[PDB]
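Chemist: how would this look folded up:
(one chain, ligands or ions: 1)
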Amino acid sequence: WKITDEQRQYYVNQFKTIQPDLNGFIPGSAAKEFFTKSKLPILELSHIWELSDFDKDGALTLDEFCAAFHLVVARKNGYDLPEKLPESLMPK
Ligand SMILES: [Ca+2]
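Modeler: Numbers count the residues shown, from 1 in each chain. The structure is reproduced below:
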């Protein structure tokens, strides 16, 4: 795993429309749609959100965003990812 500052800007350049800085929160609805817009079906988008939404507040912060976009990119051009998020048995 790794991230390039050059890339982080790429997302913000556009996402800035909704997520300007690490002081922003995107509702799962926006993420679902925004990401869905890319290609991956909402079905998959679920996994991305859960993984990117370490807090599970139904809101994605610039960070959740950064990881989400990056992770999504990989899901599209990388390797198969795991699945720690249990269907109905979250470690809580
Ligand atoms: Ca969150």
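
Chemist: residues from this protein in reach of the ion?
Modeler: 53, 55, 57, 59, 64 (Cβ under 5 Å from the ion). For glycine as for every other residue, the C-beta is placed from the backbone atoms N, C-alpha and C.

Chemist: mind redoing it with 6 Å?
Modeler: Taking Cβ under 6 Å from the ion as the contact definition, the chain meets the ion at 53, 55, 57, 59-61, 64.

Chemist: Show me just the buried residues among those.
Modeler: Buried by 16 or more other Cβ atoms under 10 Å: 53, 60-61, 64, out of the residues of the chain next to the ion.

Chemist: so which pair among these is furthest apart in space?
Modeler: Farthest-apart pair in those is 53 and 61; separation 9.0 Å (Cβ to Cβ).

Chemist: quick one: which of the buried ones among the residues of the chain next to the ion is nearest residue 25?
Modeler: Checking those against residue 25 with Cβ to Cβ, the nearest one is residue 61 at 5.4 Å.

Chemist: and the closest one, what are its bridge partners?
Modeler: residue 25 (DSSP bridges).

Chemist: right, and it touches residue 21 too?
Modeler: No: using Cβ atoms under 8 Å, residue 61 makes no contact with residue 21, being 10.0 Å away.

Chemist: So which of the residues of the chain next to the ion sit within strands?
Modeler: The members of these that map onto strands under DSSP state E are 59-61.

Chemist: Looking at the residues you listed, which is nearest residue 84?
Modeler: residue 60 (17.9 Å).
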